[PDB]
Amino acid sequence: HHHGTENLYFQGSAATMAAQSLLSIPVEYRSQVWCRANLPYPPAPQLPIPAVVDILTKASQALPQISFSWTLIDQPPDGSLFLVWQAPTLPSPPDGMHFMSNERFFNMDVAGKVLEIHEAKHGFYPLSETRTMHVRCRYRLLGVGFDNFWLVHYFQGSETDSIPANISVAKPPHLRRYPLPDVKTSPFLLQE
């Protein structure tokens, strides 16, 4: 009466390792962790669309040799790129960023496949910023057997996009609890 949707995504025998690792985390932090690949990606400025498609395509081909950990992500620096496992019908865990506007959802046709682009401009870190300075993009490429994997990218906003920021009217509306617990799991696989 609480976890039906999550349970659908943990049916795989390789998703058994992910499930076992999540159950090792205190219940209160299970909703707070990202399932993030142990790469790490080199940081990058805003990526051209063909680069996004190649990065997700290569990740999908390398998946059996890439491990994941449940981890907290908080106030990642500009340039940060992550490969994450996430159900599209579940909310993203927190990253410490708040937004003065709604995330916009665009779809592109790429070589006959759909690339989803979830672009959240007007990002800010309320503990340290009074104006917006950051963009977060979440990408996924559909119909190539990698539907629940995302590229998540944080980068610097343009000066002209910067607007005054106030947590009282931002999304999400609540500041996360600091300091963060240490909760990073040992690595596991999502395909064998």
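Position 1 is the first residue in the sequence shown; the rest follow in order.
- Comparing the deposited coordinates for 173 to 181 and 12 to 20, the stretch with the larger average C-alpha B-factor is 12 to 20.
- As listed in the deposited structure, the average C-alpha B-factor of 63 to 71 and of 152 to 160 is greater for 152 to 160.
- Per the deposited coordinates, the residue with the largest Cα temperature factor out of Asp95, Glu119, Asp109, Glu116 is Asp109.
- Looking at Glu28, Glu129, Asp147, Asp54, the one whose CA carries the top B-factor in the deposited record is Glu28.
- Annotation for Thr89: C-alpha temperature factor in the middle third relative to the rest of the modelled chain, per the entry.
- Annotation for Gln46: CA B-factor lies in the highest third of the chain's modelled residues.
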